[PDB]
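1. build me a structure from this.
(one chain, ligands or ions: 3)
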Amino acid sequence: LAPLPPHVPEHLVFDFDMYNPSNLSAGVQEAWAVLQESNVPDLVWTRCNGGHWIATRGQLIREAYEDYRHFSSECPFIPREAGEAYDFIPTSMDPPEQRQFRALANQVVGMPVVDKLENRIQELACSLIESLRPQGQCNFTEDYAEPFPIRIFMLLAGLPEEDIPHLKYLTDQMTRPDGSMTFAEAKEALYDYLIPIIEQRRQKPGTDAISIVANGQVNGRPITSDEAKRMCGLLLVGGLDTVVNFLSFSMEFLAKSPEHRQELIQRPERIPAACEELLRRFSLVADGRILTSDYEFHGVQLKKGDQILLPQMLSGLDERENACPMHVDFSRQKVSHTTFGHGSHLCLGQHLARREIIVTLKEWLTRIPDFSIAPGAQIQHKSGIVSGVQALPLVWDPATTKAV
Ligand code: HEM
Ligand SMILES: CC1(C)[C@@H]2CC[C@@]1(C)C(=O)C2
Ligand SMILES: [K+]
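-> Numbering: from 1, shown residues only. Ligands and ions are numbered 1, 2, ... in the order given. Shown next is the protein structure:
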């Protein structure tokens, strides 16, 4: 717990810890949404993790992400030492500077590339699922949630699959630190890995994501090796720690809700609308910004240098944004969320993520329409910059499945 700063008033202190929230055993989304109870203000100060503001409502999250003159991306992580070490491109830059780097990034992970990767996504999801189908059981986090998104990413990056254990270890210490490494050691270990590769593909340009970035142009000028590395690192974390977690939340829920499985088996054309609704209910990212100057926002005096966590996860969870927000409803008419961010840094990998999610639900339910949590398992969730599921044991009767 850190010393409450002179400028923060006693009545806005709410000691929420993002890496280990109090109600965590009820579900990570449920743990986070304690900040939306009737007793809690729209903007609190927490003394954990060195101290930082936290906006709790969708209205303030969106306003702050839009206002980059006051809410800067220069130090976007908590704790303070992680945000100061954070130098990924484009995420650590504010517009106007940030803008030229998005279109290089858009070229390696945007729609055009989802279109080059279309066959391979479909094939690996069918082949992974078909290999599990006859067993009548799986450890989903390890058997599908990781290998499906991860092997597509390594394929696109032109990186070998036995580098996976090392890279996921490191990427995961930057979002859910276990204590062994600091964000900076983790980051420098990712750059160390990328350095020879980047230089080699600048001499012999290939077709893979690293070559494209490294030999890319930024509003007409050549990107440097240091910029290539800083953009490249960011793509790996996005590739190895986003969709991987998201798929486990969605499959846990489907395993617990036979009527929602039935809806999608009956009307598979509803899968894209259902993916959106699940992205709202099982939203999982929470990063933030730093104040560029002293500023008064929604009646609270903020101080230059203060950090503020603006939980992207909380906006679609807000009862002011969606009625009965904890309830999953695939026909929800206005699905409002900030799952993929808001403002000028809107997620560049969202078209890739949505395709991987929709391909997984359609291809799973086609082959293994009925499935449940294994008898007597209690699912445990984990919290951090990106939230996730520690293990998900699923069971099914092989007599009810079909090889497609
Ligand atoms: C469920 C999956 C995903 C979610 C929920 C998600 C969420 C986000 C969010 C919230 C941001 C903005 C953060 C900020 O403003 O500080 C972001 C940015 C970004 N994400 Fe995604 N992401 C996902 C998947 C991916 C994937 C699969 C990739 C690439 C392999 C990716 C690459 C990027 C990049 C490059 C940016 C930077 C945008 C910028 O700074 O201009 N993301 N993502
Ligand atoms: C907050 C994020 C999800 C977004 C993409 C990966 C992530 C950890 C960042 O560093 C940017
Ligand atoms: K920084």
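
2. switch to C-alpha atoms for all contacts and neighbour counts from now on
-> Noted.

3. so who does the spatially most central residue of the chain touch?
-> Nearest residue to the geometric centre of the chain (C-alpha atoms, centre = their mean): residue 242, 3.8 Å. For residue 242, the contacting residues are residue 386, by C-alpha atoms under 8 Å, 6 or more residues apart in numbering.

4. what's the answer for residue 373, then?
-> Contacts of residue 373 by C-alpha under 8 Å, 6+ apart are 252, 255-256, 392-395.

5. can you pick the most crowded of the residues you listed?
-> Neighbour counts for the contacts of residue 373 peak at residue 392, which has 25 neighbours (criterion: other C-alpha atoms under 10 Å).

6. identify the residues contacting it.
-> Contacts were defined as C-alpha under 8 Å, 6+ apart; by that measure residue 392 touches 139-141, 248, 252, 373, 379.

7. try it again with 7 Å
-> Residues near residue 392 by C-alpha atoms under 7 Å, 6 or more residues apart in numbering: 139-141, 379.

8. now residue 12
-> 41, 44-45.

9. selection in ChimeraX covering whichever of those residues are buried, please.
-> Buried residues within the contacts of residue 12, by 16 or more other C-alpha atoms under 10 Å, are selected in ChimeraX with:
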select :41,44,45
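
10. and the contacts of residue 12, which of them are in strands?
-> Using DSSP state E, the subset of the contacts of residue 12 located in strands is 44-45.

11. for the contacts of residue 12, give me CSV that also has distance to ligand 3.
-> Formatted as CSV, these follow (distance: C-alpha to the ion, whole Å):
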residue, distance to ligand 3
41, 29
44, 23
45, 22
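
12. so which of the contacts of residue 12 are also by ligand 2?
-> Residues of those in contact with ligand 2 (C-alpha under 6 Å from any ligand atom): none.

13. which one of the contacts of residue 12 is nearest residue 316?
-> Nearest to residue 316, judged by C-alpha to C-alpha, of these is residue 41 at 17.6 Å.

14. can you give me the distance of the closest one to residue 17?
-> Distance of residue 41 to residue 17, given as C-alpha to C-alpha, to the nearest Å: 17 Å.

15. now do residue 151
-> If you go by C-alpha to C-alpha, the gap between residue 151 and residue 17 works out to 33 Å.

16. kindly report the same for residue 341.
-> For residue 341 relative to residue 17 (C-alpha to C-alpha), the value is 21 Å.

17. ok, those two, which is more surrounded?
-> Neighbours were counted for residue 341 and for residue 17 using other C-alpha under 10 Å; residue 341 has more, 23 against 17.

18. now name the helix or strand holding the nearest residue to residue 383 once chain neighbours are set aside.
-> In this structure, residue 383 finds its nearest non-sequential neighbour in residue 19, 4.9 Å apart by C-alpha to C-alpha, 6 or more residues apart in numbering. Following DSSP states H and E, there is no helix or strand that holds residue 19.
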